[PDB]
Amino acid sequence: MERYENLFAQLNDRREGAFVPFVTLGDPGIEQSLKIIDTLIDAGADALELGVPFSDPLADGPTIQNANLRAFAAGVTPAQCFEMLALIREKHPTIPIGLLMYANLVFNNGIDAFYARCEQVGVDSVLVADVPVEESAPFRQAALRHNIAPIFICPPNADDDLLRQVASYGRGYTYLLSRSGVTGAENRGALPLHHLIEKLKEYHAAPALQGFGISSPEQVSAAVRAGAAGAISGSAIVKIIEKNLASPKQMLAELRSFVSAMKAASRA
Amino acid sequence: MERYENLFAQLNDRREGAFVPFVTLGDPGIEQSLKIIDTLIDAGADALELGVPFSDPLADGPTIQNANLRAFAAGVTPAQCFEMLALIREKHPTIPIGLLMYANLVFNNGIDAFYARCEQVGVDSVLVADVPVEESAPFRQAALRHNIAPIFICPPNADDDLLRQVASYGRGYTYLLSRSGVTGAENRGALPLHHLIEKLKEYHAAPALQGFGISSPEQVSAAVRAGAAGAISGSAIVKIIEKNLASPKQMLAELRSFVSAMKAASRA
Amino acid sequence: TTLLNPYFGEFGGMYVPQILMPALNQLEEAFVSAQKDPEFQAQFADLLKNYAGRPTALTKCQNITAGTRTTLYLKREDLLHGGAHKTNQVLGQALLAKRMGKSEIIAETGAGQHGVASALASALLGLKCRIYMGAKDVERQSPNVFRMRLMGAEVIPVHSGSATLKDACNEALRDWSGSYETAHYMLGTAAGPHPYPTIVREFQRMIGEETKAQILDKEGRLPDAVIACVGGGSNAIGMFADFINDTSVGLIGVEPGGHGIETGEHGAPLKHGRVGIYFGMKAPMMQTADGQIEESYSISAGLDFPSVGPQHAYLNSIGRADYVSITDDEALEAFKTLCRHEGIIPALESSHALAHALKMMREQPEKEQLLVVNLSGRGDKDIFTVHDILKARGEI
Amino acid sequence: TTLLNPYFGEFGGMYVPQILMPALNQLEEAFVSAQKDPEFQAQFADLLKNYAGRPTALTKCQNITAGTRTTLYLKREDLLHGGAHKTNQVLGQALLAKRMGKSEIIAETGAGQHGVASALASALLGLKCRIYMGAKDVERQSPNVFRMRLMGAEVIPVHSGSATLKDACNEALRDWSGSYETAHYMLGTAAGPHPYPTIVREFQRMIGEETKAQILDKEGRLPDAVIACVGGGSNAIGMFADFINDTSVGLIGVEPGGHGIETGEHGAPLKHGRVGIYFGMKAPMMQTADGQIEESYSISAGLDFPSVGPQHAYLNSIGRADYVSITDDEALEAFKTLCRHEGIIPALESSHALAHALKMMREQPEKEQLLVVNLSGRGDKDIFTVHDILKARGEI
Ligand SMILES: O=C(NCCOP(=O)(O)O)c1ccc(OC(F)(F)F)cc1
Ligand SMILES: O=C(NCCOP(=O)(O)O)c1ccc(OC(F)(F)F)cc1
Ligand SMILES: O=C(NCCOP(=O)(O)O)c1ccc(OC(F)(F)F)cc1
Ligand SMILES: O=C(NCCOP(=O)(O)O)c1ccc(OC(F)(F)F)cc1
Ligand SMILES: O=C(NCCOP(=O)(O)O)c1ccc(OC(F)(F)F)cc1
Ligand SMILES: O=C(NCCOP(=O)(O)O)c1ccc(OC(F)(F)F)cc1
Ligand SMILES: *Cc1c(COP(=O)(O)O)cnc(C)c1O
Ligand SMILES: *Cc1c(COP(=O)(O)O)cnc(C)c1O
Ligand code: NA
Ligand code: NA
């Protein structure tokens, strides 16, 4: 399909950024997670990034690790996540849906079969957290054979070779990391984001979505002003789930208000 | 003095062996020990062997180790033992009294001073358990300077060099060990006791008293028949003390009966 | 782009998030450079000799083999400083850290053994050491935690996931991804992403080099087989490497069989797991049918890495090395045998290798064979485990 | 009559009951003969090399001595099989047992260390080992008792006297007096009746011989001083012997000062006891004013022999060696220092020697001095003792 391409075209015509929430599938249970996802969409999400619970989510921070544990406590399996994906697509025909996967879950029953199942349920893209561009060939090939866009992280310290690889190999969107480290000292190697955005455009890369640490409306507008096509927010959304476990109705109300504010920040 | 020489002469004139009990001084307390010793004499003991309680009585078996512990429990010191010795001699002017000492107690405040204190209280001999003949020179010299007989163990496997040393160096009596080991296998090196008795007489040794494991009247008569001048009994006497701790009067009655039977066995 | 092949056939690679690739590339270049630098080699040799105690003895075991045609030697890594072979490679990796201008060490540990090794190397070389350890392991491993702290290391209890070895590996990597300009990640076996399986082999290979020289001097020929336990693969590849081209020499790796392979309670992924991609590598691992990573079980916690070094998977696939398993009870009997017949208390890890050699001997007592067991460590640490098991079944 | 002098000046001798003299004479002749027998020497060398791990490393300690003019080396007896120097001499004494046609070993032990050493040597050489241990020590030393039993030794709890080291020595001697045709008494230090102080020195002297060669190779000269702890005297005389004729080389022995000499709670009889005759020898010992033998007190149970080898008393009397003491707290700080600055966990015994070298250095940091500490053992065994003390005063 062409869901990302159609989304970015529509957003371009509206001089508008994308706002893309991340949640873990089946956190805090399957029913509540389906409801969460519908609320994110009804509040203005332009696309979704969705995680499949995994025993060892190396690349995730404490908030998303907590979400992962909640989904396992609920007995959520990858097969159940794919059932959920098909239902979500069946409710929402045009929203781009991207998965955040770990390599073992893609490789487990065969790489090609994984991507064929993504295609059957109507997923648009897959970011495999622990597959660097250098190792990505069989993943990107299988993805593209099944009409799935392979998504790559572009670190803000990326060298020119890495920029060119990410530009050549990725599709749907380029995932532009906000920071290469948490401390100002650890983030010293990070180049200005507007410069990387400009280089990616020069190399005809998929449009950039900035992600990692985006938690407030001003960071959504800043991303768009720097030239990115939009912004991804995970921890900030998932925190709302964690803080309202005891009140599922309040949880949905707070999710709706948060997503509405973040989306508002992307509009011309 | 000449107490051993006078004893053996008197016994020879009566065709009689000596019976010599061993007890630990101050077991089970000073008062009771003085009483025990008077009872041993009144029952027929020809001489005494008396131990001074010592922290580490290497050469003593379980019964005498137990006696040692009882005397320490009663707070018995070597100075108190010497007070006891003087009282015992003051009651009994002719009985030979021999001490069983450990080298540290003799050496502690000077070897010469030890033997001078033995002389002052009227002791006749000292056997230092952990001084072999090879190391005995300063002990035997100090002993003889103060009119104390130095006593040496003659093992039943003793070679001829050892026999000649024991014969030359000892005085009062020669202590003839019954056994060089407890098991028949461990005692294989032991020569016939009558043969050693004969060799000691040939070398003009002090008269032999057989000791270690003498517990019955028949062993007293056997010692005399083998040519020894008498027999020493410790464990068998001390066992009677241990078995009657709760009844001091019964203890003395049983001591009296036992010593009377053992002495009877030595008479022509 | 890398300087060296990251794979051993289909096994291995660099399956890490993009942000970690510059850390691995930096480490690979430093290693390649170090291996050509006579000054680096001389420094490493000096630490191994004068600090760690190399060369280690090769002990013949005539009491064990009496009446048979087996001649058995033990390569005495139990005599290395720290009481296990881990010391060799932590010393080399600490020198690589210094080479790269790093003043800090990050390490993972399961039950504490690699944490102690990392801590001692860091103390000697003046590096600031922080060690991630699952909170469940911290609770149960007071002696190792205390050793680490005495050595000036920071021990950081890991409460995330299931609070065990995997979560400790995960926290160490997370930390390194942010701190690698100043910190080196001192990985604890010949596994994980390239270049670690290569580095750890090369920094353990003196085990087999010395074995070859010692057996040539004592017997005038090469061994018929060298036998080593496999938790992650470092002591085994250290013993194997110098013999790989000596095609007459058997290479036998022993994984823990736990309560028995058929119970599922074991730690033998190379022969009884299924290839997956985790810990930065493609390799056999312990995992559910839908690909969630599981744990290894062994009486010996040191053998509980739920995967295996990719070079072992490769050597197995081509038939150069053979892999077997030994159960908890088999290892316990080998432990008892060595104690009683040679006066050496072996690590329960190493006891798995010895148990397999005992089986080689006992099954075929008239077969002429010259065997070397890599005695990877001492077993003082295991006496409480052994006591409790023997008492529990009234064996003592 | 003896073949060798039983005394070192006025100290030493053979103060045992007459029945034991043939056992000592037999042992002396076997030893004299062994020392002239190239086959005995070759067998002993083979066990020391291929079983025990000799030669042991000599480790420089630049982290400890930075900023001073001290150069400090540690002789790494902690790297010997068994984790202490005791292993050297039990191997030699087991060979002497075989030389005399004996198939059984008797040994004494306090807190278990010499019992383990005797048990491992006996296991290797196929000898039936029985070890006497005070019942109070058995209760408190489960790990050592278990090691001994794993090694096939019989551990016999001693209930006589005060159920401790002295009573264990006493029961071992009683047994030997009856069994010496078939059993050898493997005494645990360079003390007791001749010939034991001579034998144990000669079977430990490779410590100082190797030290001399290693220091000559590394520094081109002899040490200014060698420093060793003194419990009974074996590790110290092992380090000292080869340097006795090198009159420029300081020989410093460190006794345990316990809670401080002035408290009376110490184990420093050579400098603060009084000469007595016990344990078969004339030597300084811990004893009451009226001559009852007492105990030594130290944080380190290994240093609790309440006397000292007669050669140390002699070397002191002539001014060739100097003896000092180190308190529990001094030894604890040295323990912590070595852990943190060199990544070596030292036995609390050896920590007394290191503490004295630290004092030599710190008191006079501009004095040029080349020091060797005999690091007699490893301190894994001590981590519970150290933990408890540090916790108890809120230091941790
Ligand atoms: O993505 C990261 N964290 C923030 C965003 O993730 P999440 O908090 O789950 O949304 C993140 C952190 C570390 C990292 O490197 C490695 F895994 F190798 F250690 C990779 C990704
Ligand atoms: O999109 C992600 N997280 C949500 C956005 O970050 P945050 O809002 O900080 O949770 C996200 C993306 C990739 C990822 O793994 C790796 F970087 F390795 F590819 C981990 C998290
Ligand atoms: O005399 C012994 N026992 C029996 C008689 O003594 P006791 O039971 O106290 O009357 C006896 C036992 C062993 C011994 O040798 C040594 F001490 F060296 F081990 C010396 C004497
Ligand atoms: O006379 C002694 N005991 C009493 C007699 O023996 P028993 O009747 O068996 O107690 C006695 C004599 C000497 C001795 O020590 C040593 F042999 F070394 F010199 C120990 C006990
Ligand atoms: O086996 C490992 N560590 C051994 C720790 O030893 P111990 O303390 O004895 O458990 C181990 C650690 C990390 C690893 O890869 C990666 F870094 F990617 F996670 C692979 C293996
Ligand atoms: O110090 C001694 N043993 C050390 C035991 O070592 P450990 O197990 O560490 O207490 C020791 C043992 C016996 C001895 O002489 C004699 F045999 F006559 F009693 C003198 C010293
Ligand atoms: C750590 C350890 C092992 C297991 O690790 P490998 O990397 O598989 O060698 C085995 N033996 C001992 C003694 C160990 O300490
Ligand atoms: C036994 C022991 C000692 C004390 O004994 P010495 O005979 O005085 O050497 C000292 N250090 C260690 C490590 C020991 O095991
Ligand atoms: Na494994
Ligand atoms: Na002492």
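Whatever comes next refers back to the structure up there.
The paragraphs below set out a description of the structure included in this document. (Residues numbered from 1 in each chain as written, not as in the entry; some residues may be left out. Chains lettered and ligands numbered in written order. Heavy atoms only, no water.)

This part is about the arrangement of the chains. Contacts are most numerous between chains C and D, taken over all three pairs of chains that touch. Separating chain A from chain D is a minimum C-alpha gap of 29 Å, and the two share no contact. (Contact = heavy atoms within 4.5 Å.)

When chain C is fitted to chain D, the best match, at an RMSD of 0.0 Å, comes from turning it 180° and sliding it 0.0 Å along the axis. Those values place the two copies in the arrangement expected of a two-fold rotation axis. Relative to the rotation axis, the C-alpha of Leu 79 of chain C is the closest in chain C, positioned 3.1 Å from it. Taken as a fraction of all interface residues of chain C, those also at the interface in chain D reach 100%, which identifies the copy contact as same-surface. (Least-squares fit on C-alpha atoms.)

On the secondary structure map, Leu 87 of chain B appears in helix α4 (residues 78-91). As for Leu 87 of chain B and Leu 34 of chain B, which are separated by 53 residues in sequence, their C-alpha atoms are 8.7 Å apart. (Helix = DSSP H or I, 4+ residues; strand = E, 2+ residues; numbered from the N terminus.)

This brings us to the coordination of the sodium ion (ligand 9). Residues and elements named next belong to chain C. Every protein donor of the sodium ion (ligand 9) is listed here as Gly 231 (O), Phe 305 (O) and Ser 307 (O), and their distances to the metal cover 2.3 Å. Ordering the donors of the sodium ion (ligand 9) by residue number gives the pattern G-x73-F-x1-S. By relative accessible area, which is 0% here, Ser 307 ends up buried. (Donors = N, O, S within 2.8 Å, 3.2 Å for Na, K, Ca; no water. Buried < 20%, exposed > 50% of the residue type's maximum accessible area, 1.4 Å probe, protein only.)

For the rest of this paragraph, the subject is unusual backbone geometry. A negative phi angle is the norm for most residues apart from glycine, just as the trans form is the norm for most peptide bonds. Between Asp 27 of chain A and the following residue, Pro 28 of chain A, the backbone shows a cis peptide bond with an omega angle of 5°. Examined against the element boundaries, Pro 28 of chain A turns out to sit in the loop between β1 (18-24) and α2 (30-42). Cis geometry is found at the peptide bond from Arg 54 of chain C to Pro 55 of chain C, where omega equals 0°. Here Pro 55 of chain C lies in the loop between α2 (38-52) and β3 (58-60). We note that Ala 163 of chain C has phi near 50°; this positive angle belongs to a residue other than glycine. Tracing the chain through its elements places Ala 163 of chain C in the loop between β7 (154-158) and α8 (165-179). A relative accessible area of 9% places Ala 163 of chain C in the buried class. Positioned with a positive phi, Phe 279 of chain C is a non-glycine residue whose angle comes to about 55°. As for its placement among the helices and strands, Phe 279 of chain C is situated in the loop between β11 (274-278) and β12 (281-285).

Nothing here speaks to function; it is geometry throughout.
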